[PDB]
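Undergrad: Before I ask anything, let me first share the structure, which is written out below as structure tokens.
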Amino acid sequence: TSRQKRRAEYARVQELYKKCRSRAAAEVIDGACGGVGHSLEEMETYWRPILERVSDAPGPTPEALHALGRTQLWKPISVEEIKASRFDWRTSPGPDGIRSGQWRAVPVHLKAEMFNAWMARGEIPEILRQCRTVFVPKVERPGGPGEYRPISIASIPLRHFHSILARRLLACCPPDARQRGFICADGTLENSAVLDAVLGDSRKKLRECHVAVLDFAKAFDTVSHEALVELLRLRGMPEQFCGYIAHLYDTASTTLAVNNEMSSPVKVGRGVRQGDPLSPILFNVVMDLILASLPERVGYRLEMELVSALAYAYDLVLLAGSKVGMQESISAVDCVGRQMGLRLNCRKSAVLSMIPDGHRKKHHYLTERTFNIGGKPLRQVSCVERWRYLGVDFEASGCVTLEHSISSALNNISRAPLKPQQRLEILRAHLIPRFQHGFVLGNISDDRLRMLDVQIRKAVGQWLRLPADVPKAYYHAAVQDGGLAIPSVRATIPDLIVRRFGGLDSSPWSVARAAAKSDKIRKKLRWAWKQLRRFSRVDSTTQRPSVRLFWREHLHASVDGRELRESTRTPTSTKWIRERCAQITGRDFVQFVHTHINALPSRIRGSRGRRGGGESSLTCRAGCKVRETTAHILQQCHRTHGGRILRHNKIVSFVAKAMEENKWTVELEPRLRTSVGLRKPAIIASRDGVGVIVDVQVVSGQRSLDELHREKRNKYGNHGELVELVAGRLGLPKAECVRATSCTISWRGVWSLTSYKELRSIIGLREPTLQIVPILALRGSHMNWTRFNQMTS
RNA sequence: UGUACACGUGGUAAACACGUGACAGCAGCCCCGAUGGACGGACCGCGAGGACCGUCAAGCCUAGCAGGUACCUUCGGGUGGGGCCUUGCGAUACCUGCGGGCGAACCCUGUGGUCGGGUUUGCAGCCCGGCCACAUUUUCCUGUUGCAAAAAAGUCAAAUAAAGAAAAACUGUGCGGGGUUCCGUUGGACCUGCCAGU
Ligand SMILES: [Zn+2]
């Protein structure tokens with residue numbers, strides 16, 4: 001039943017989110033939320049035949065070997081290198097069964113000797129060799145088995161054993177400097193700047209330019225086993241290493257796990273499997289070969305520097321100044337791919353041509369299709385809007401911009417079965433830092449960034465049901481200052497440009513340094529600096545611009561968020577927005593956010609600009625005949641009095657729990673009849689001759705919290721008779737040992753600095769206890785609001 | 001291009017001349033993203049803004065994106081509204097396509113002519129949309145599927161099935177009971193009755 005699959009999908013996504021956040025977020029963003037809908041039938045019959053298809057690649061030719069031509073490996077594995085390899089352990093279990101524990105428990109020497117024996121024999125056990133493959137729909141509405149994706153997961157020991165081999169390959173034989181894809185530094189670091197400099201130069205000096213982008217799709221599904229084995233054999237690497245790779249690939253199998261249904265193993269006829277740590281290094285050797293097969297004298301002369309190819313993660317951006325120049329380059333790429341089995345998406349590859357014309361001083365754009373990939377024509381795109389050289393969030397071949405693909409991601413996140421805080425976190429730390437690279441490879445304006453920010457804010461407002469008139473700084477202000485900390489692409493793009501392009505001239509690359517001394521790059525740097533200065537405030541400590549201070553300055557100066565200005569001094573106050581979100585339910589988070597920025601609809605806040613009516617729209621609905629502000633509702637209203645005592649006692653119970661856990665003799669509601677009047681302390685506790693009178697207060701924040709704390713600190717500790725009475729009751733002789741103490745929390749859930757410091761210092765409570773008091777304050781306040789709004793008489 | 005300043009040349013000095021110059025600076029800050037129009041009237045404090053009533057055929061808005069046309073320039077480039085000032089060298093007219101929201105059609109389904117699309121392969125399939133033609137009405141109660149948060153409340157005819165028929169209060173480290181908030185033996189929420197009181 002559909003409800004059953006929805007149940008299973010929700011459980012699976014929640015478990016994945018609890019275990020590993022990054023993989024779950026990356027799966028949710030792409031669209032892996034609907035699961036499989038075609039079952040085993042008409043699914044194995046489509047994907048099984050496409051797997052055991054050995055490519056008839058002839059292999060590299062003497063010409064390719066000579067173009068390539070233009071020892072410490074297999075060393076015994078020691079125990080230091082095992083921990084020298086950086087491994088991400090928050091991954092999925094293999095089909096064998098060992099998830100992380102049976103592999104973590106074994107000592108290092110045993111694993112080292114096991115790998116040594118494995119390479120001595122050269123045979124990975126079939127049980128450990130076995131791997132599974134789950135299916136992922138591409139478009140949000142699957143229509144056929146060809147619209148899915150076979151993500152394959154291998155065993156943990158095999159991934160660990162290959163990671164050290166990949167590290168050895170990277171250290172022993174580093175790639176060419178042109179290869180800036182799978183590199184130690186950031187891949188698309190200088191490649192974005194080089195293309196921009198080339199485009200600026202070709203427009204400036206009216207130089208003939210043609211830049212083509214062609215991607216390596218099915219590059220996982222097109223490398224022939226024999227071709228790669230021969231390539232590694234002729235590279236000079238040990239022949240037995242190649243034999244081991246050939247034995248690994250020739251003896252391979254795959255299990256189809258669709259709807260938890262077992263399936264027989266299936267042969268694979270094409271090499272390079274997805275997710276293996278050796279795959280992006282082995283494919284780097286193919287990149288080295290294809291780059292070495294490029295024609296020698298061809299490219300674009302950018303300031304005495306010749307630029308021809310800038311390899312991206314899985315792309316190949318070729319450049320040429322002459323129309324005939326790139327045709328032979330493309331033919332060479334085609335023959336290299338065909339001789340190795342690689343296939344190219346003519347649909348997803350594009351060519352940008354730029355032909356100048358004299359006697360007019362303008363520059364002309366070609367429109368018709370001229371170049372081709374072995375006969376198949378290449379589409380010609382006018383504007384450079386295919387800045388999708390960012391890896392994930394795959395391309396659309398110039399059909400759409402970067403938007404209309406961000407909105408798809410937002411819809412995929414919105415429809416996924418996640419709590420309102422989980423979507424917020426996924427957008428915070430997995431979507432914004434993912435497409436932000438794409439908005440720098442070309443000319444950009446402020447309006448595009450502002451519209452992207454507005455769309456993101458609209459999506460977040462829909463997720464958390466906030467009204468329209470909420471301070472826009474609330475979304476982008478940092479957590480410690482009070483806010484959702486949604487990073488804003490309006491100010492983080494100039495920040496990225498300034499931070500990266502500023503250090504362009506310090507890059508080891510010779511091409512990047514040439515690109516640094518350009519005209520367009522410097523103009524963009526000036527624009528980015530201007531925007532950053534306009535959207536930041538200089539830091540007092542370090543004299544360096546920061547956007548967080550600017551967002552805080554706007555937020556604390558607003559009307560809704562003025563009461564939050566005291567939250568930046570005690571980071572515990574806003575510990576529930578981001579860190580402690582797994583302990584708070586779904587609707588609870590939305591209610592807490594609503595009362596946190598005072599988005600609750602009152603007769604004052606909910607009628608902004610629409611107060612042309614009578615006093616009934618402004619007078620308190622309880623008959624208090626005063627202004628109906630949310631502070632009045634939540635703090636001073638006779639209908640809300642019972643809820644106020646309820647919340648107060650809810651807090652005093654939890655703090656009493658804490659001090660009891662800290663081994664203090666507590667006394668609830670002491671009864672002291674002073675001669676002056678009636679004094680009602682909250683709770684007293686004494687230990688080893690010293691006592692304290694701890695009273696609990698939840699008060700508004702429109703005044704300073706510390707002063708309000710002092711107003712009862714002095715009253716309870718300087719009465720002159722009450723301290724003697726509590727000293728006599730507790731059993732301590734000297735009245736100066738006992739002194740008053742308060743726990744003052746603003747009803748939005750903001751600690752008081754003096755109160756928090758006193759409570760931490762006078763009596764020992766660990767951080768988790770103080771973390772939960774804002775939760776109690778917010779819950780009590782919103783329950784008070786619901787109690788008030790439940791009836792209207 | 002237009003202001004102001006650094007050096008050099010020449011000169012007895014200049015309120016004299018020229019050239020070269022920090023990416024030379026000097027071309028201020030702040031706020032604003034709502035949405036259908038033409039013609040005729042009733043509303044409003046007839047005031048900035050917000051209601052409604054009549055037709056029209058489809059388009060109407062956009063400081064959103066991309067490309068070209070002309071013009072101003074100065075080479076860098078340039079086209080929304082409002083405010084505070086302050087001196088504090090800038091720049092407009094439209095059409096084309098895409099996205100957004102307001103319209104408007106469209107509408108129970110199967111074949112074919114279709115056309116734009118995606119996806120494996122070499123025009124063989126699956127799926128997304130747009131034109132051209134085909135196939136009694138009202139009326140209550142059991143099963144199948146689309147989203148709400150949980151083993152159930154919403155969906156009484158969303159589509160349905162010789163479908164089976166008819167007409168034409170609360171105050172609480174209180175107490176008891178259950179696959180239900182989401183937590184890895186606890187915690188807030190509602191469901192009930194007693195416990196000392198109002
Ligand atoms: Zn009141």
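Chain labels run A, B, ... following the order of the structure tokens; each chain numbers its residues from 1, and ligands are numbered from 1 in the order shown.
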Once DSSP has gone over the backbone, tell me which residues of stretch 376-546 of chain A are in alpha helix (DSSP H), as JSON, numbers by chain.
TA: {"A": [406, 407, 408, 409, 410, 411, 412, 413, 414, 415, 420, 421, 422, 423, 424, 425, 426, 432, 433, 434, 435, 446, 447, 448, 449, 450, 451, 452, 453, 454, 455, 456, 457, 458, 459, 460, 461, 462, 463, 464, 473, 474, 475, 476, 489, 490, 491, 492, 493, 494, 495, 496, 497, 498, 499, 500, 501, 510, 511, 512, 513, 514, 515, 516, 520, 521, 522, 523, 524, 525, 526, 527, 528, 529, 530, 531, 532, 533, 534]}
Undergrad: If we count only C-alpha atoms (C1' of nucleotides), which residues of chain A reach to within 7 Å of chain B? Please list them as a list in words.
TA: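 Close enough to count are residues 143, 144, 146, 147, 383, 448, 451, 583, 585, 653 and 657 of chain A.
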Undergrad: Write a file of the selected residues as a PDB file, in the first residue's frame, keeping N, CA and C atoms.
TA:
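Dumped to out-v4.pdb:
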ATOM      1  N   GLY A 143       8.518   7.940 -14.424  1.00  0.00           N
ATOM      2  CA  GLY A 143       7.636   7.471 -15.472  1.00  0.00           C
ATOM      3  C   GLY A 143       8.080   6.165 -16.096  1.00  0.00           C
ATOM      4  N   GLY A 144       9.364   5.840 -15.974  1.00  0.00           N
ATOM      5  CA  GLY A 144       9.900   4.636 -16.564  1.00  0.00           C
ATOM      6  C   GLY A 144      11.189   4.186 -15.910  1.00  0.00           C
ATOM      7  N   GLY A 146      14.017   3.765 -17.155  1.00  0.00           N
ATOM      8  CA  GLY A 146      15.175   4.486 -17.649  1.00  0.00           C
ATOM      9  C   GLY A 146      15.390   5.850 -17.037  1.00  0.00           C
ATOM     10  N   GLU A 147      14.505   6.267 -16.135  1.00  0.00           N
ATOM     11  CA  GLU A 147      14.587   7.564 -15.480  1.00  0.00           C
ATOM     12  C   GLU A 147      15.198   7.458 -14.082  1.00  0.00           C
ATOM     13  N   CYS A 383      24.484  33.010 -24.865  1.00  0.00           N
ATOM     14  CA  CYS A 383      24.972  33.543 -23.603  1.00  0.00           C
ATOM     15  C   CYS A 383      25.617  32.443 -22.771  1.00  0.00           C
ATOM     16  N   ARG A 448      19.858  39.842  -9.453  1.00  0.00           N
ATOM     17  CA  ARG A 448      19.722  38.389  -9.492  1.00  0.00           C
ATOM     18  C   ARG A 448      19.897  37.785  -8.106  1.00  0.00           C
ATOM     19  N   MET A 451      16.835  38.610  -5.916  1.00  0.00           N
ATOM     20  CA  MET A 451      15.681  37.774  -6.232  1.00  0.00           C
ATOM     21  C   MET A 451      15.871  36.348  -5.736  1.00  0.00           C
ATOM     22  N   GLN A 583      15.499  17.149  20.008  1.00  0.00           N
ATOM     23  CA  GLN A 583      14.678  16.904  21.185  1.00  0.00           C
ATOM     24  C   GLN A 583      13.363  17.669  21.160  1.00  0.00           C
ATOM     25  N   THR A 585       9.712  18.559  18.984  1.00  0.00           N
ATOM     26  CA  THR A 585       8.821  17.951  18.007  1.00  0.00           C
ATOM     27  C   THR A 585       8.608  18.877  16.810  1.00  0.00           C
ATOM     28  N   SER A 653       9.937  23.285  38.958  1.00  0.00           N
ATOM     29  CA  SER A 653      10.075  21.843  39.123  1.00  0.00           C
ATOM     30  C   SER A 653      11.360  21.341  38.479  1.00  0.00           C
ATOM     31  N   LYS A 657      14.607  19.704  40.234  1.00  0.00           N
ATOM     32  CA  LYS A 657      15.225  18.478  39.741  1.00  0.00           C
ATOM     33  C   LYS A 657      16.726  18.623  39.577  1.00  0.00           C
TER      34      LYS A 657
END
Undergrad: List as a list in words the protein and nucleic acid residues lying within 10 Å of ligand 1, with only C-alpha atoms (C1' of nucleotides) and all ligand atoms counted.
TA: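 The residues within 10 Å of ligand 1, counting only C-alpha atoms (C1' of nucleotides) and all ligand atoms, are residues 619, 620, 621, 622, 623, 624, 625, 626, 627, 628, 629, 630, 631, 632, 633, 634, 635, 636, 637, 638, 639, 640 and 788 of chain A.
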Undergrad: Kindly save the residues from that selection, with N, CA and C atoms included, as a JSON list (two decimals), in the first residue's frame.
TA:
[["chain", "number", "residue", "atom", "x", "y", "z"],
["A", 619, "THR", "N", -8.23, 47.57, 21.71],
["A", 619, "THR", "CA", -8.44, 47.25, 23.12],
["A", 619, "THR", "C", -8.27, 45.75, 23.36],
["A", 620, "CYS", "N", -7.86, 45.40, 24.57],
["A", 620, "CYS", "CA", -7.67, 44.00, 24.92],
["A", 620, "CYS", "C", -9.00, 43.25, 24.85],
["A", 621, "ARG", "N", -8.97, 42.07, 24.23],
["A", 621, "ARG", "CA", -10.18, 41.26, 24.10],
["A", 621, "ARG", "C", -10.68, 40.73, 25.44],
["A", 622, "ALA", "N", -9.86, 40.79, 26.48],
["A", 622, "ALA", "CA", -10.23, 40.30, 27.80],
["A", 622, "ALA", "C", -10.99, 41.33, 28.62],
["A", 623, "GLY", "N", -11.28, 42.50, 28.05],
["A", 623, "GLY", "CA", -11.90, 43.57, 28.80],
["A", 623, "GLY", "C", -10.94, 44.42, 29.60],
["A", 624, "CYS", "N", -9.63, 44.23, 29.42],
["A", 624, "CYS", "CA", -8.64, 45.04, 30.11],
["A", 624, "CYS", "C", -8.58, 46.47, 29.60],
["A", 625, "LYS", "N", -9.26, 46.76, 28.49],
["A", 625, "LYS", "CA", -9.36, 48.11, 27.90],
["A", 625, "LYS", "C", -7.99, 48.77, 27.74],
["A", 626, "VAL", "N", -6.95, 47.96, 27.55],
["A", 626, "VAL", "CA", -5.61, 48.46, 27.28],
["A", 626, "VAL", "C", -5.15, 47.94, 25.93],
["A", 627, "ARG", "N", -4.01, 48.43, 25.45],
["A", 627, "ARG", "CA", -3.49, 48.00, 24.16],
["A", 627, "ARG", "C", -3.19, 46.51, 24.18],
["A", 628, "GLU", "N", -3.69, 45.80, 23.17],
["A", 628, "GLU", "CA", -3.56, 44.34, 23.11],
["A", 628, "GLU", "C", -2.26, 43.99, 22.40],
["A", 629, "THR", "N", -1.15, 44.18, 23.11],
["A", 629, "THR", "CA", 0.14, 43.73, 22.64],
["A", 629, "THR", "C", 0.40, 42.30, 23.13],
["A", 630, "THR", "N", 1.24, 41.59, 22.38],
["A", 630, "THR", "CA", 1.55, 40.21, 22.75],
["A", 630, "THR", "C", 2.19, 40.13, 24.13],
["A", 631, "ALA", "N", 2.95, 41.16, 24.52],
["A", 631, "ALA", "CA", 3.48, 41.21, 25.87],
["A", 631, "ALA", "C", 2.35, 41.28, 26.89],
["A", 632, "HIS", "N", 1.32, 42.09, 26.61],
["A", 632, "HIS", "CA", 0.16, 42.14, 27.49],
["A", 632, "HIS", "C", -0.53, 40.78, 27.57],
["A", 633, "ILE", "N", -0.68, 40.10, 26.44],
["A", 633, "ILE", "CA", -1.35, 38.81, 26.43],
["A", 633, "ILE", "C", -0.57, 37.80, 27.26],
["A", 634, "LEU", "N", 0.75, 37.74, 27.06],
["A", 634, "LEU", "CA", 1.56, 36.68, 27.64],
["A", 634, "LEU", "C", 2.05, 37.01, 29.05],
["A", 635, "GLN", "N", 1.90, 38.24, 29.51],
["A", 635, "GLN", "CA", 2.47, 38.56, 30.82],
["A", 635, "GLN", "C", 1.48, 39.21, 31.78],
["A", 636, "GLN", "N", 0.58, 40.07, 31.29],
["A", 636, "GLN", "CA", -0.36, 40.78, 32.15],
["A", 636, "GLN", "C", -1.77, 40.66, 31.57],
["A", 637, "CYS", "N", -2.47, 39.59, 31.96],
["A", 637, "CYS", "CA", -3.87, 39.41, 31.58],
["A", 637, "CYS", "C", -4.49, 38.40, 32.53],
["A", 638, "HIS", "N", -5.66, 38.75, 33.08],
["A", 638, "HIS", "CA", -6.28, 37.91, 34.10],
["A", 638, "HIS", "C", -6.68, 36.55, 33.54],
["A", 639, "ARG", "N", -7.03, 36.49, 32.25],
["A", 639, "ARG", "CA", -7.37, 35.21, 31.64],
["A", 639, "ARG", "C", -6.15, 34.30, 31.56],
["A", 640, "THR", "N", -4.96, 34.88, 31.49],
["A", 640, "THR", "CA", -3.71, 34.15, 31.33],
["A", 640, "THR", "C", -3.00, 33.88, 32.66],
["A", 788, "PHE", "N", -5.15, 31.50, 26.16],
["A", 788, "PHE", "CA", -5.87, 32.75, 25.99],
["A", 788, "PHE", "C", -6.78, 32.69, 24.77]]
Undergrad: So that I can see what lies close to residue A:658, please list as an MDAnalysis selection string the residues with an atom at most 8 Å from it, counting only C-alpha atoms (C1' of nucleotides) and leaving out residues fewer than 4 positions away in the same chain.
TA: chainID A and resid 654 662 765 769
Undergrad: Among stretch 149-224 of chain A, which ones does DSSP place in strand (DSSP E or B), written as a ChimeraX atom specification?
TA: /A:149-153,179,209-215,223-224
Undergrad: Can you pull out every residue within 12 Å of residue A:593, counting only C-alpha atoms (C1' of nucleotides), but drop anything in the same chain fewer than 2 positions away, and send it as number ranges by chain?
TA: A: 420-421, 460-461, 463-467, 470, 474-475, 482-484, 574, 576-578, 584, 586-591, 595-600, 748-749, 775, 778-779, 781-782
Undergrad: Write the residues of the preceding selection, restricted to C-alpha atoms, as a compact mmCIF listing (two decimals), in the first residue's frame.
TA:
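Output below, filename again-v1.txt:
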# COMPACT_ATOMS: atom_id res chain seq x y z
CA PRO A 420 10.35 21.92 9.82
CA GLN A 421 13.75 22.21 11.54
CA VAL A 460 11.52 29.32 4.37
CA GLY A 461 8.48 31.36 5.35
CA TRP A 463 8.14 25.98 5.69
CA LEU A 464 7.80 27.69 9.08
CA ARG A 465 4.47 29.45 8.35
CA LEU A 466 5.77 32.89 9.32
CA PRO A 467 3.70 35.85 8.08
CA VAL A 470 8.78 39.50 9.57
CA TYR A 474 15.87 37.23 11.17
CA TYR A 475 16.51 34.65 8.46
CA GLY A 482 19.09 34.95 17.56
CA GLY A 483 17.92 33.82 14.16
CA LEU A 484 17.67 30.97 11.72
CA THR A 574 19.53 30.41 21.47
CA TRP A 576 17.68 25.40 20.52
CA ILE A 577 17.57 26.99 17.05
CA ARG A 578 20.29 24.80 15.54
CA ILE A 584 11.85 19.16 19.95
CA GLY A 586 7.52 19.14 14.65
CA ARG A 587 4.82 21.70 15.43
CA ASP A 588 6.71 22.65 18.59
CA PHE A 589 9.49 24.19 16.51
CA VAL A 590 7.06 26.25 14.43
CA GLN A 591 5.28 27.47 17.57
CA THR A 595 6.66 33.22 19.70
CA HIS A 596 10.40 33.84 19.35
CA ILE A 597 10.09 36.72 16.85
CA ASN A 598 6.56 37.52 18.06
CA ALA A 599 4.85 36.40 14.87
CA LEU A 600 1.75 35.44 16.85
CA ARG A 748 11.07 34.71 24.37
CA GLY A 749 13.60 32.34 25.95
CA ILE A 775 12.63 25.48 25.86
CA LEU A 778 8.96 29.16 25.08
CA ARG A 779 6.62 26.19 25.60
CA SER A 781 4.55 31.13 26.74
CA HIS A 782 2.98 29.54 23.68
Undergrad: Neighbours of residue A:756 within 9 Å (only C-alpha atoms (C1' of nucleotides); same-chain residues fewer than 4 positions away dropped), as a list in words?
TA: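 The residues that qualify are residues 570, 742, 743, 744, 751, 752, 760, 761 and 770 of chain A.
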Undergrad: Save out the residues we just selected, C-alpha atoms, as a PDB file, in the first residue's frame.
TA:
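This is the output file selection31.pdb:
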ATOM      1  CA  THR A 570      24.708  34.198  26.537  1.00  0.00           C
ATOM      2  CA  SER A 742      17.371  34.705  40.828  1.00  0.00           C
ATOM      3  CA  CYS A 743      16.774  32.892  37.536  1.00  0.00           C
ATOM      4  CA  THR A 744      15.394  35.557  35.195  1.00  0.00           C
ATOM      5  CA  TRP A 751      18.850  34.073  29.596  1.00  0.00           C
ATOM      6  CA  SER A 752      19.927  36.941  31.838  1.00  0.00           C
ATOM      7  CA  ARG A 760      26.352  28.617  37.051  1.00  0.00           C
ATOM      8  CA  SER A 761      28.809  29.790  39.708  1.00  0.00           C
ATOM      9  CA  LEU A 770      20.643  25.391  31.449  1.00  0.00           C
TER      10      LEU A 770
END
Undergrad: Return the single residue from B:37, B:124, B:186, B:151 that is closest to residue A:7, with distances computed using only C-alpha atoms (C1' of nucleotides).
TA: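 Ranked by minimum distance to residue A:7, first place goes to B:151.
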Undergrad: In terms of the shortest atom-to-atom distance over only C-alpha atoms, which of A:110, A:198, A:400, A:73 is closest to residue A:241?
TA: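 Of A:110, A:198, A:400, A:73, the one nearest residue A:241, counting only C-alpha atoms, is A:73.
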Undergrad: Could you check which of B:184, B:54, B:97, B:41 is closest to residue B:68, using only C-alpha atoms (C1' of nucleotides)?
TA: B:97
Undergrad: Distance atom CA of residue A:676-atom CA of residue A:711, one decimal place?
TA: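 Interatomic distance here is 18.0 Å.
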